Amino acid sequence: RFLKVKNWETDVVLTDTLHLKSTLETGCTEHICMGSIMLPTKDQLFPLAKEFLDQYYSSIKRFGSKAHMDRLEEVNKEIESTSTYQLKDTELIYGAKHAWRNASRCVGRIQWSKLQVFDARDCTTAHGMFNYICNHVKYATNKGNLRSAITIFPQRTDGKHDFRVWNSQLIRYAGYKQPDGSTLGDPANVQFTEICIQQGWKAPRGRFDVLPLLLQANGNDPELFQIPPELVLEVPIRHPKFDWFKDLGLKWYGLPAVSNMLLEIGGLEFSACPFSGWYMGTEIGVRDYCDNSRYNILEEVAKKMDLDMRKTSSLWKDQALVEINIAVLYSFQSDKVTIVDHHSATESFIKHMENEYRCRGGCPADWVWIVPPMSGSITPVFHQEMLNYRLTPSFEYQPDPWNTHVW
Amino acid sequence: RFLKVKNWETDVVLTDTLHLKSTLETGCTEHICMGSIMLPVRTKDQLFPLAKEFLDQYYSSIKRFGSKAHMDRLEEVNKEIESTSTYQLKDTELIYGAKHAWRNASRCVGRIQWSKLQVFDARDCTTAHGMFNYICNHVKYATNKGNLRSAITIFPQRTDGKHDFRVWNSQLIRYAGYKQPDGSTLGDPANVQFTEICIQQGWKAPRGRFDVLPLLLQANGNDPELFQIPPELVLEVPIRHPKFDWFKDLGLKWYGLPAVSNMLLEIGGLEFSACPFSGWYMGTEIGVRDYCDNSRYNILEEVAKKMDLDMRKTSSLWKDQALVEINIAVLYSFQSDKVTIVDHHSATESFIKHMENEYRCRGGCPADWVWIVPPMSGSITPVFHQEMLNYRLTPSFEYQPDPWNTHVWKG
Ligand code: HEM
Ligand code: HEM
Ligand SMILES: CN(C)CCc1cccc(OCc2ccc3ccc(N)nc3c2)c1
Ligand SMILES: CN(C)CCc1cccc(OCc2ccc3ccc(N)nc3c2)c1
Ligand SMILES: C[C@H](O)[C@H](O)[C@H]1CNc2nc(N)[nH]c(=O)c2N1
Ligand SMILES: C[C@H](O)[C@H](O)[C@H]1CNc2nc(N)[nH]c(=O)c2N1
Ligand SMILES: [Zn+2]
């Protein structure tokens, strides 16, 4: 019942008690581990609200106070009355920061308490949503000095009036299937790019076209909007060694802003909650540039380096992969856009992990996602045993809207 | 109950029915996942069902399930259990069990080779000296002048737990590690504790950076004895880099035979506590873990210096760059000397095919993603985007405690 975790690089052992407060389920059993699987009413709601309020008033040293009891009573009434309820501003802020704190797959959680929450719960329209988002993008970008942010649109009611951002990120490049049979732009965004056109987007069929926003308000039909270009900060990619690098014509955007997840606080469901931080270098360099199902430029880069691509054992893919990533980090830092390298990030996470064990009795962590997609064993998280479990408040996946939308 | 896994690079979906034959536990619950935890005397009362489960599998695989040969064997073993409180496997059974324990090793990326395992039956061995002789024959055969073959040597099963055969070494071939009074370590830090024991047990340590540890072998529960593997039997490869002439001057070499000897082989409830087995190295085992881990030879720095890398900011990725060159060197040195080795791209590639085939013909393939994915270049290998199901099948390779912690010393 009281679990321990060893770091096999440092012999350090932490003890985990926090997992005892786990509510949701993991996918695994005593018979089968699913750790590597990508995606594993009035009576329902009150205990959920109660759990949240209990941990909320506990965090502000007012557990069992009149304020506490009052609030429990107030929400109880509202639930019994309205079959839902509304979070105080303070609770909303707390829940959001804690949903990030509890994200077991996020290596960047040391920053968790420094989260800016924009309350867009008074939003009614897709134009409204667009305004709130533009403000989010401008705030978080900050001329390259990135600040973490979340913007929270109204909570789901009866699933009929859902707010949704259809884009997977606020800022992503377009993806077009070609007559050549290949794929122009971003392969991950092909199907989306179609629905954009299906709702009327005038695609400038290019390779690095910033997608339009496709916003759905109150369960209505989604609408298109173009993010003002001067709010979309981009970084031209150049190698601090290879002058020929720039000739590959690569850029990436500075703001990673995930906009397709569902934020759960005290049983309430926020289906539109776009949030942002800054990149870890490998996210663009390894996954965005080199993945087979993405911009897959490895061959080209290795070719220009004239590596021996005849045999896998020359490790030419490896050699290039590093250069590419060195450049990503190089450009971003040159242009003074915030970015973190996998070395610094993972180091910061081990620290945070120790802090959380010390100040909270645990830290749920998904090793499969915390270990960066390159140089794994030369970062400190590789030899860190981790425990994975689900705390609430939380960020959850949710179905792609087109599959769900009552049109 | 069916389970589907998906590959997110290729959208290939596979269905696992084999996990239904899972016996042992994973360490996980519905409330917690321990998939990244390193490590998550048996009565007749429980032995026969284990024997039966095993014998059933075995007779299915030879297509004689429910045959008379099958039933008499079940009767033979039953009778021998209540009679003798244990039982002996036929050779046919031992070979099968061993191949299958490998085949079930959910952490092993080299399993495509599982059926070509050479099994040496050392169950007639009675003494440490005998153990040495068997081991030498293993090393010689497995090595085969650089053309490595898979092998496992199997010593007598455990009985009352008081007469165990053990190989105290973690691997048959390994370099000594010596702690110095200034706190620094000469040799392989992973082996410091074990080196001390050897020295204590009488070993005369040359005290260099690459001393081949002596074998420390326990028979029938007796105190272990030292033996030196004949050097002519220990194949080694000097590490040089194909472009970098200064690399050879780093003074590095490694052995060619990865031969793990501290595990436990479980077949049909029988426990084989000394079962050294061997394959060949995937390059990153030496290149990434054995050299570049902070708790090992830790040559990243020196290689980086000699490359003239900006080691001032980690944002320079000097660690990454040097790590790759070192791995390039390891593969180069090995292939130059015609000593069998595999790179992580080829190995992970082969695994995916093995896996897909295992799903078709066996209805599943237990796989531990945390261990299958290589310690560098993870996402540019096909296994990274591969979803996997982890579960334990028997026969299996299990961990056991270090014998120096459990051994009752005779004197
Ligand atoms: C500020 C610096 C941040 C960094 C460096 C960072 C880094 C990362 C990385 C590397 C991943 C793995 C994704 C991949 O490998 O491509 C991840 C996942 C995740 N991040 Fe963080 N993040 C940051 C901020 C945030 C913020 C502000 C939030 C929300 C408030 C957040 C919530 C999450 C969640 C929920 C996941 C898991 C996504 C999933 O399950 O698919 N992160 N993050
Ligand atoms: C023949 C070529 C082989 C290759 C390339 C190979 C590769 C590997 C690698 C890279 C690992 C992970 C070790 C690490 O990450 O440091 C591993 C684990 C393992 N291998 Fe294989 N192996 C081979 C042969 C064998 C053989 C012959 C057996 C047994 C008969 C075997 C049984 C195992 C087991 C049980 C593990 C997991 C050990 C543990 O749980 O700690 N392997 N293998
Ligand atoms: C839904 N699946 C098809 C895709 C899931 C997936 C795949 C690859 C990376 C993912 O990361 C999501 C994610 C979420 C939040 C982030 C916050 C900051 C940051 N730098 N990256 C972040 C990345 C998710
Ligand atoms: C007990 N833990 C502290 C360490 C166990 C461990 C750690 C790292 C690698 C390990 O490798 C096991 C192992 C077993 C069999 C192998 C067969 C062939 C091969 N190339 N590597 C093989 C590797 C074991
Ligand atoms: C903490 C973690 O379980 C441990 O360090 C594991 C991680 N993954 C690994 N993966 C491989 N292939 N080999 C290892 O030794 C380890 N070590
Ligand atoms: C199959 C596997 O679950 C999937 O490819 C995961 C593996 N680990 C990952 N880890 C991170 N950080 N991001 C990812 O997208 C993935 N993908
Ligand atoms: Zn699990």
Side-chain angles (χ1 to χ4, degrees), chain A residues 5-9 26-40 96-112 114-117 140 146-150 168 256-258 260-263 273-284 286-288 291 338-342 344-346 348-349 366-373 376-377 381-389 394-397, chain B residues 26-30 32-40 107-109 282 284-285 288-289 293 344 368-375 379 389-391:
Chain A
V5 282
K6 172 175 191 177
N7 181 293
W8 292 81
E9 187 196 351
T26 66
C28 305
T29 74
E30 313 112 43
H31 282 88
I32 183 159
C33 176
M34 296 211 163
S36 75
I37 303 293
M38 179 94 56
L39 319 152
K97 284 175 176 187
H98 272 68
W100 179 4
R101 203 186 182 174
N102 298 335
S104 67
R105 295 176 159 170
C106 178
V107 62
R109 285 178 276 162
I110 191 174
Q111 282 290 295
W112 75 272
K114 310 191 268 290
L115 176 63
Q116 185 61 232
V117 178
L146 308 192
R147 309 179 269 193
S148 298
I150 173 146
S168 58
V258 160
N260 63 352
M261 302 200 72
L262 192 149
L263 161 61
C273 57
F275 57 80
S276 57
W278 50 82
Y279 271 116
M280 187 171 70
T282 55
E283 285 187 274
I284 318 176
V286 187
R287 302 305 321 282
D288 294 332
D291 259 29
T338 303
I339 193 160
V340 68
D341 62 66
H342 50 278
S344 173
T346 54
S348 84
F349 181 78
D366 186 346
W367 188 103
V368 170
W369 287 58
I370 303 294
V371 172
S377 75
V381 290
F382 191 86
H383 310 84
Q384 187 62 55
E385 291 184 335
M386 299 172 194
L387 277 161
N388 197 28
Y389 48 93
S394 70
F395 293 107
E396 307 282 358
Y397 297 102
Chain B
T26 62
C28 298
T29 69
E30 290 107 273
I32 198 156
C33 179
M34 315 205 318
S36 87
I37 304 297
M38 168 99 61
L39 338 144
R107 294 185 163 163
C108 184
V109 75
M282 180 171 77
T284 50
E285 292 184 82
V288 194
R289 314 302 313 290
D293 274 16
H344 48 290
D368 187 338
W369 188 104
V370 165
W371 283 62
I372 298 296
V373 183
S379 67
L389 291 177
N390 196 11
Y391 51 91

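Remember, it's 1-based here, ligands and their atoms both numbered in the order they're listed. Note on naming: letters A, B, ... go to the chains in the order of the sequence lines (proteins, then strands), and numbering restarts at 1 for each one.
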For [atom], closest protein heavy-atom neighbour:
atom: atom 32 (C) of ligand 1; result: A:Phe275 CE1, 3.8 Å
atom: atom 24 (C) of ligand 1; result: A:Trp100 CZ2, 3.4 Å
atom: atom 7 (C) of ligand 1; result: A:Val107 CG1, 3.9 Å
atom: atom 14 (C) of ligand 5; result: B:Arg289 NH1, 3.3 Å
atom: atom 4 (C) of ligand 5; result: B:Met38 CE, 3.8 Å
atom: atom 3 (O) of ligand 5; result: B:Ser36 O, 2.7 Å
atom: atom 10 (N) of ligand 5; result: B:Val370 O, 3.3 Å
atom: atom 6 (C) of ligand 1; result: A:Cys106 SG, 4.0 Å
atom: atom 35 (C) of ligand 1; result: A:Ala103 CB, 3.6 Å
atom: atom 12 (N) of ligand 5; result: B:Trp371 O, 3.0 Å
atom: atom 5 (O) of ligand 5; result: A:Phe382 O, 3.2 Å
atom: atom 4 (C) of ligand 1; result: A:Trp278 O, 3.6 Å

Taking 4.0 angstrom as the limit and counting only heavy atoms of [X], give me the atoms of ligand 5 inside it, by number and element.
X: A:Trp367; value: 7 (C), 8 (N)
X: A:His383; value: 1 (C), 5 (O)
X: A:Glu385; value: 1 (C)

- Query: Can a protein heavy atom be found under 4.0 Å away from atom 15 (O) of ligand 1?
  - Reply: no
Heavy-atom proximity to atom 11 (C) of ligand 1, picking from A:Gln111, A:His342, A:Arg105, points to A:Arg105
Determine yes or no for a side-chain-to-main-chain donor-acceptor pair under 3.5 angstrom, with [X] supplying the side chain and [Y] the backbone.
X: A:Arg109; Y: A:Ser104; value: yes
X: A:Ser394; Y: A:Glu396; value: no
X: A:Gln111; Y: A:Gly108; value: no

Worksheet item: Stepwise, does the side-chain contact (heavy atoms from CB on, under 4.5 Å) test hold for B:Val109 with B:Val373?
Response: CA-CA 8 Å; B:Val109 75; B:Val373 183; over 6 Å; no
The answer for which part of A:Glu283 has a heavy atom under 4.0 Å from ligand 1 is side chain
So for A:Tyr397 against ligand 1, with non-hydrogen atoms under 4.0 Å, the contacting part is side chain
- Criterion side-chain contact (heavy atoms from CB on, under 4.5 Å) on A:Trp8 and A:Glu385, from CA distance to verdict: CA-CA 8 Å; A:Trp8 292 81; A:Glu385 291 184 335; 3.1 Å; yes
[X] neighbourhood, listing ligand 1 atoms whose heavy-atom distance to it stays under 4.0 Å:
X: A:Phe395; answer: 29 (C), 30 (C), 35 (C)
X: A:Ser276; answer: 27 (C)
X: A:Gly277; answer: 1 (C)
X: A:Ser148; answer: 1 (C)

Quick look: A:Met386 vs ligand 5, heavy-atom contacts under 4.0 Å, and the answer is neither
Q. Looking at A:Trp100, does the NZ or CZ of A:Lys97 lie under 6.0 angstrom from its six-membered ring centre and within 45 degrees of the ring axis?
A. no
Considering all heavy atoms of both residues, which atom of [X] and which atom of [Y] are nearest to each other, and what is their separation?
X: A:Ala96; Y: A:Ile150; answer: CB-CG2, 4.2 Å
X: A:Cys33; Y: B:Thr26; answer: N-CG2, 4.1 Å
X: A:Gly277; Y: A:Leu146; answer: O-CD1, 3.6 Å
X: A:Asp366; Y: A:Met386; answer: C-SD, 4.4 Å
X: A:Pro40; Y: A:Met34; answer: CG-O, 4.3 Å
X: A:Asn7; Y: A:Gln384; answer: ND2-OE1, 2.7 Å

Problem set entry | A:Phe382 vs B:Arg289, side-chain contact (heavy atoms from CB on, under 4.5 Å): CA-CA, chis, key distance, verdict | CA-CA 11 Å; A:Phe382 191 86; B:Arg289 314 302 313 290; 3.9 Å; yes
Kindly indicate, with the supporting measurements, whether the criterion side-chain contact (heavy atoms from CB on, under 4.5 Å) is fulfilled by A:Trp278 and A:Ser148.
-> CA-CA 7 Å; A:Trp278 50 82; A:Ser148 298; 3.7 Å; yes
| field | Aromatic plane relationship, A:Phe395 with A:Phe275 - under 30° parallel, 30 to 60° tilted, over 60° perpendicular | value | tilted
_Sub-4.0 Å heavy-atom approach of A:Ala96 to ligand 1_ = no
Vertex the Zn ion (ligand 7), ends A:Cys33/SG and B:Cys33/SG: angle to nearest 10° comes to 100°
